[PDB]
Each structure stands twice: as structure tokens, then as C-alpha cells.
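Undergrad: One structure is given below, represented as C-alpha cells, and several questions about it will come after.
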Amino acid sequence: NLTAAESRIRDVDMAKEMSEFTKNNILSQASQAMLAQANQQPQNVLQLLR
Amino acid sequence: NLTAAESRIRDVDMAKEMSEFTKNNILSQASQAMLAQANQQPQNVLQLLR
Amino acid sequence: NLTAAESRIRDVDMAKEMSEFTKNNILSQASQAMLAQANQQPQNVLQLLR
Amino acid sequence: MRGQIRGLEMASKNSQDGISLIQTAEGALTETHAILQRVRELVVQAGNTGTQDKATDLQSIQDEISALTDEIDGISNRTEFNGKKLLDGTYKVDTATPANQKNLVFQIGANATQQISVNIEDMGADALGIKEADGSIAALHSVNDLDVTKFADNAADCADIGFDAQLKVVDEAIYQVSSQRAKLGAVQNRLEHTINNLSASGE
Amino acid sequence: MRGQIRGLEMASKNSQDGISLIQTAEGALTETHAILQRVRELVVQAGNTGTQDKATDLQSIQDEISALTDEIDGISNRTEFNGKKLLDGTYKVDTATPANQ
Amino acid sequence: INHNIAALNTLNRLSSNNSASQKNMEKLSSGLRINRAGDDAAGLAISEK
Amino acid sequence: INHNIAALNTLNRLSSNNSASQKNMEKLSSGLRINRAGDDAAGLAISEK
Amino acid sequence: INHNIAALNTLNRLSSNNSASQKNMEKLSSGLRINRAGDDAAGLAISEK
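Residue numbers (this note's numbering), protein chains in the order written: chain A, 1 to 50; chain B, 1001 to 1050; chain C, 2001 to 2050; chain D, 3001 to 3203; chain E, 4001 to 4101; chain F, 5001 to 5049; chain G, 6001 to 6049; chain H, 7001 to 7049.
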């Protein structure tokens, strides 16, 4: 029972962690994506410039 | 952890650098552009000349 | 034990090597990429030229 | 404004290197824990007198434990981040002379007094303590670790050779290396929340 | 008219810097929240007596919480927009002396 | 507006979500939530004992 | 960030868990916990006698 | 006014912004901010050790 509670503290429910990992990785790829949109804003500033 | 801090010093966050690169490149093309406007000022000086 | 230390010397931890390979390959593709940006600098020099 | 922006990014990097250093120190404290667990186990069985005797078959255990305490001395000495020893008494919390604390002032902000003070100590003598460890007890319960012959003498009622006191002081050592290691995790939380402040305010 | 035009643009920029300052303050309050959540959690389990005892295994939790409160003091002190402390009692709502708001 | 793009927040959400996928990397690849002491000091202080 | 990936921890958890499956390989394939003296010196010192 | 056009500044902003895109070229194509020692000597002096 000590091992049980000790595991409830430290040892992870790796399913939940994996869902958290896939989730956060999507947030990451979404963010890099929004750089791929964000940097594209001043080139249109160059477009009215020319 | 040494590798980590060492990377925080030298190794670049290439996203930020890329945004910096696109940015500065636009400043460059804007500047060449403003040559394309700037040199066009004395030809109108030739226009009142003729 | 001799085989063990001998392997620690010569034989590679292929996981670390693979991460090194993917890494360096990205540095390569990034560099070819920055040729695809770098050579594009004087054509704008031709643009203010015309 | 530029001054505070750039200095605020660099303040972030400062905090981040601080995280790194702390992670190193704490790792040394991890292996410290594992060793002290081994020690505690060796003490429990070595306190299993009646069967664990010959007394030199405690000498052997003693030798092992003494090697482990030598390893605690090792870790406390050789732990270095960029060459800088941490765990040793350089960074005591508070002596009777507070003019010799020598805190771990980290720079955390782009302005004055936006800093964090951190302290750390442990070595072979990291057992129980009041201002110093103690004499016959409370450090050599992490340096000498009795059971050389010195349990077959008496069992529980001597306060310097009894199992209850000895093991209790091992539990103190675990408790306060655990405490020191528990401060610095919270320090890492401080620095993460900080860096979030630094990225926001920076932006 | 020019006076009000230019001063009205500059009034816009004034409001915009005001937005920025507020965003900084509020971010400090974000990390304040996260910390207070941690605190609340530590209190719930620390209120799980019967199993969370030894009482020094609450001392440890106490130490952690005290570190977090020190961080609230930190954030309240070090939060600065262009060097100006905000969260601290400089900007109290209304004292018994409204001459010191 | 050009010399400082306003998607600097994007760098912070990238450097936080990227910073969090990796906390899940260390946390998963050992099975332990208290792999690193900077997740919960209380659980360490108890679990050690 | 690119020239040094932060999943170096992953190499250490691989080189520890991999290093531990094999301690179970030697320890199982002989039946002995003190197959190698570097598991518990005390149990050796007693068990020899 | 004709024999010296006043957009010589334009040549300097071109020869600085052009000069900076290329600092990002060297700095990106190796991943290193201290690719060239003339970015921060301190980070070199520390990072070497």
C-alpha cells in the first residue's frame, strides 16, 4: 500500500501525459504556423510600397 | 544542464532569427526602393529645365 | 568486460548519432535555404537598376 | 525603454542559467538521496542483531557504509557548475555571523534589487543539527555510521549507540536533504513564473 | 483644430501606452494566479490530515508555500513598467485619507 | 511597426509550448512526475520518506 | 536551440533504462542478486561466510 | 543640390540593413549567435570554458 500511494504521487498515468504531449505539440506547431502567417504581414507592406 | 545553458548562450532560437531576417530584408528592399524614388528627384529638375 | 569497455570506446550509441544526423541534416537544408535567400539579393539590385 | 527591454531579455537568460545551475545541484542531491536510502537499509539490517552478528560481519557493513559516506563527501565536493562548488559550506544559510552568508544572488530583473537570494549546504556532516551538527551524534551519523561493533553493545537506550537514535538521525539527514532539495524545486517554480513575467513585460 | 487633431493622435498613443502598462501589470497578476492555485492545492492536501502527517512533512509543505508567498511578494515588488512599480500599495484604491490615493 | 513585428507573443507561446512538450518528454521517458524537483516539492518531500 | 536538442535527457533515460534491463538480464540469467558485487556488498560479505 | 543627392542616407540604410540580413545569414546557417566573435565576447569567454 505504501508502494501504491508512492506511485500515485510520483509515477505518472502515462496515457494522460501522452494526450498532454500530443496536445502541447499541436500548440507548438500551431505557433510556428502563426509565425508563417505573422512574418508575412510586412511583405504586403512592401506591396503597397511597390 | 551544462549543454542546456551552453545552448542558451550560443545556439539561436531560429524562429526569432528568421523573423529578424525577413524583417531586415524588407528594410533592405524598402531602402533600394527609396533609391528608386530618390534618384527620380532631379529628373524633374531637368523637367523645369525643359 | 574487455568487450564492454572496447565497445564503450569504438561502438556508437546510435540513438545519439541519429539525433546528431537529423540535426546536422537540418543545418544543411537550412544552409541551402539561405542560398535560396542569399542569391536573391542582387536581383533586387537589378530592380532598382530597372 | 530599450535599456529595460534588452536587460529584461538578458534577465530572462540570467534566470534560465540559474535554473540550470539549480538542476545540477539538485541532481547531486538526488544521488545523495539514493545513497542515504542505501545507508538507511544497511542500518536497519545492521540493527537486526541476533542474526546479523559475528560483529565483523558488521565491520563489513560498516566498511560499506563508510564508503557511502565517503561518496556523500565526494558529491558534496565535486559538484560543480562551471567549476563552482555549491553543496559545500560556501553557501551556508545563516551563521552566527550573518556577514559570512555569501548568498547566491541571482540577477532576475533589468533594475536594482530585482534579485533572488539562495543558500545551500550539505556534506558528510549533514545529519541532525541545532547551530552546528552536534558532537558524538548528528554528523557522524552521516560520516561514521555506528555499526562497526557498536550495536551488539546496546540496543535502544544509549542515545549514541542505540538503533533508535542512529536511525532517527539518518531519517533526519534524509529529511533535511529532502528539505534543501524541496526549497530549490520551488525556486525553479519561481524562476519559471518569473520568465513568464519577463516575456510578457518584455513584449 | 490642428491643436485638437495632433493632440488627439497623441491622445491615442497615450491610451495605447496605457494599454501596454496594463498588460504588464495583468501578466504579473497571471503568474500571481498560477501561484495561488498551487497554494490552494498545497492547502487542500495539507488539509488531508490523517495521511499527510508527520507534521514535519507539513513543515516541508509549509516551506514550499512560504516560498510561494515570497514569490507573490517578489512579483508585487519587481513588477515594473519603465521602472515604475505598480502592484505595491502605491496605487491603493481608497484609504481613510482620500488625499493619498 | 515594421522594425518590431507584433507577433513576438508567438515567440513566447512557441517557447512555452515547445518548453512544455519537453517537460512531458522528461516526465514521460522516466515515468515520474517528480523526475525534476521543480514540479512539486511537497510530493518529493513526502515520497522520499 | 537547433544545434543542441533538449532531449538529451532522453538519451540518459534510454541509457539508464537500457542499462537496467541488462542488469536484470545478468541478474535473472544466473538467479543471483549478487551476481555482480556492485548490488549489495553486505549480502556478499555475509553470504560468503 | 544636383551634384550630390541627399539620399546618401539611403545608401547607408541599404548598406546597414543589407549588412544585417547577412549577419543573420551567417548566424542562421550555423545555428550560432557566436558564430563570429564580434557578437558577444562574454558569451564566448564563458561558453568556451
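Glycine is no exception: its CB is placed at the ideal position from the N, C-alpha and C atoms.
Please check if any C-beta of chain A sits within less than 7 Å of the C-beta of F:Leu-5008.
TA: Not one chain A Cβ lies under 7 Å of F:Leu-5008.
Undergrad: Would you kindly work out how many angstroms separate the C-alpha atoms of G:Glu-6048 and G:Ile-6034, rounded to a whole number?
TA: For G:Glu-6048 and G:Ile-6034, the distance between alpha carbons rounds to 11 Å.
Undergrad: According to DSSP, which residues form a beta bridge with E:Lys-4084?
TA: Beta-bridge pairing links E:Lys-4084 to E:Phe-4081.
Undergrad: Could you give the C-beta distance for A:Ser-31 and F:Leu-5014, rounded to a whole number, given that I count them as a contact under 8 Å?
TA: Indeed they touch by this definition, with Cβ atoms about 4 Å apart.
Undergrad: Identify every residue that forms a DSSP beta bridge with C:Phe-2021.
TA: DSSP lists no partner for C:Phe-2021.
Undergrad: What are the boundary residues of the alpha helix (DSSP H) that F:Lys-5027 is part of?
TA: That run of the alpha helix (DSSP H) goes 5009-5028.
Undergrad: Could you check what DSSP says for D:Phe-3151 in three-state terms: helix, strand or coil?
TA: Looking at D:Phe-3151 - three-state DSSP - the assignment turns out to be coil, as it is neither helix nor strand.
Undergrad: Under a Cβ-count criterion, where at least 16 other Cβ atoms within 10 Å of its own Cβ denotes burial, should D:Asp-3145 be classed as buried or exposed?
TA: When all chains shown are included, D:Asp-3145 counts as buried.
Undergrad: Applying the criterion that 16 or more other CB atoms from any shown protein chain within 10 Å of the CB defines a buried residue, is D:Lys-3131 buried or exposed?
TA: D:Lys-3131 should be labelled exposed.
Undergrad: Three or more C-beta pairs closer than 8 Å, one from the segment 3139-3154 of chain D and one from the segment 4016-4035 of chain E: is that the case here?
TA: No, they do not touch.
Undergrad: Does B:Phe-1021 pass the burial test, meaning 16 or more other C-beta atoms within 10 Å, or should it be called exposed?
TA: Buried, by the Cβ-count rule.
Undergrad: Tell me which same chain residues have a C-beta within less than 7 Å of the C-beta of D:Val-3039, skipping the five on either side of it?
TA: Closer than 7 Å at the Cβ level, and outside the excluded window around D:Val-3039, lie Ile-3065, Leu-3068, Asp-3145, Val-3170.
Undergrad: Would you mind sorting B:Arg-1050 into buried or exposed? The rule is 16 or more other CB atoms within 10 Å of its CB.
TA: By the neighbour-count rule (16 or more Cβ atoms within 10 Å), B:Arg-1050 is not buried but exposed.
Undergrad: Is the CB-CB distance between F:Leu-5011 and B:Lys-1016 below 7 Å?
TA: Result yes, Cβ atoms of F:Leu-5011 and B:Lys-1016 sit closer than 7 Å.
Undergrad: With D:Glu-3172 as the anchor, note down where its alpha helix (DSSP H) starts and where it stops.
TA: Note, D:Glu-3172: alpha helix (DSSP H), 3163-3202.
Undergrad: Please tell me whether E:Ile-4075 has its Cβ less than 7 Å away from any Cβ of chain F.
TA: It does not; no Cβ of chain F falls within 7 Å.
Undergrad: Using a 10 Å radius around the Cβ and a threshold of 16 neighbouring Cβ atoms, would you call A:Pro-42 buried or exposed?
TA: By the neighbour-count rule (16 or more Cβ atoms within 10 Å), A:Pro-42 is buried.
Undergrad: Identify the contact partners of C:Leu-2046 in chain H, using a Cβ-Cβ distance below 9 Å as the criterion.
TA: Near C:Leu-2046 there are no residues of chain H at all, since even the closest Cβ is about 14 Å away, more than 9 Å.
Undergrad: Helix, strand or coil, according to DSSP, for G:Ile-6046 in the structure here?
TA: DSSP places G:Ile-6046 in helix when its eight states are reduced to three.
Undergrad: If the cut is a Cβ gap below 8 Å, which residues of chain D does G:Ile-6046 touch?
TA: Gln-3052, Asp-3057, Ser-3060, listed in chain order.
Undergrad: List the residues of chain G that D:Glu-3064 touches, going by C-beta distances under 7 Å, in chain order.
TA: Result: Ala-6041, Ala-6042.
Undergrad: Across the segment 4050-4058 of chain E and the segment 4091-4101 of chain E, are there enough close Cβ pairs to call them in contact, namely three or more that are closer than 8 Å?
TA: Flag = no, the segment 4050-4058 of chain E and the segment 4091-4101 of chain E do not touch.
Undergrad: Find the residues of chain A that neighbour F:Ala-5020, judging by a C-beta separation of less than 7 Å, and give them in chain order.
TA: By Cβ distance, chain A contributes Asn-24.
Undergrad: In chain G, what lies closer than 7 Å to C:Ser-2019 by C-beta?
TA: Here the neighbours are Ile-6005.
Undergrad: Compare the Cα-Cα distances from D:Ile-3137 to each of D:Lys-3168, D:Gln-3107, D:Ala-3112 and report the closest residue.
TA: Of D:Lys-3168, D:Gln-3107, D:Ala-3112, the residue nearest in Cα terms is D:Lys-3168.
Undergrad: Around the C-beta of D:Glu-3041, are 16 or more other C-beta atoms found within 10 angstroms, so that it is buried, or is it exposed?
TA: D:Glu-3041 is exposed by the Cβ-count criterion.
Undergrad: Give the DSSP-derived three-state secondary structure of D:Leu-3029 in the structure shown.
TA: Helix.
Undergrad: Considering only DSSP beta bridges, list what D:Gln-3115 is partnered with.
TA: DSSP output for D:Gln-3115 lists D:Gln-3107 as bridge partner(s).
Undergrad: Thinking C-beta only, is D:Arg-3181 closer than 7 Å to F:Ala-5042?
TA: Not a contact, by the Cβ cut-off of 7 Å.
Undergrad: Would the segment 5016-5031 of chain F and the segment 3157-3167 of chain D be scored as touching if the rule is three or more Cβ pairs under 8 Å?
TA: Too few Cβ pairs lie closer than 8 Å, so no.
Undergrad: Within 10 Å of its beta-carbon, does D:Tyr-3175 have 16 or more other beta-carbons around it, so buried, or fewer, so exposed?
TA: That one is buried.
Undergrad: Roughly how far, in whole angstroms, is the beta-carbon of G:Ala-6045 from the beta-carbon of D:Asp-3057, given that I think they are within contact range, below 8 Å?
TA: Right, their Cβ atoms sit about 6 Å apart.
Undergrad: Could you pull the start and end residues of the alpha helix (DSSP H) that D:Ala-3138 belongs to?
TA: No alpha helix (DSSP H) holds D:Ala-3138; DSSP gives it neither H nor E.
Undergrad: Taking 7 Å as the CB-CB limit, is H:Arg-7036 close to chain B?
TA: Closer than 7 Å: no.
Undergrad: What's the gap between the Cα of B:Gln-1037 and the Cα of B:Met-1018?
TA: Computed Cα separation, rounded: 28 Å.
Undergrad: Let me know the secondary structure DSSP gives C:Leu-2027 once reduced to three states.
TA: Helix.
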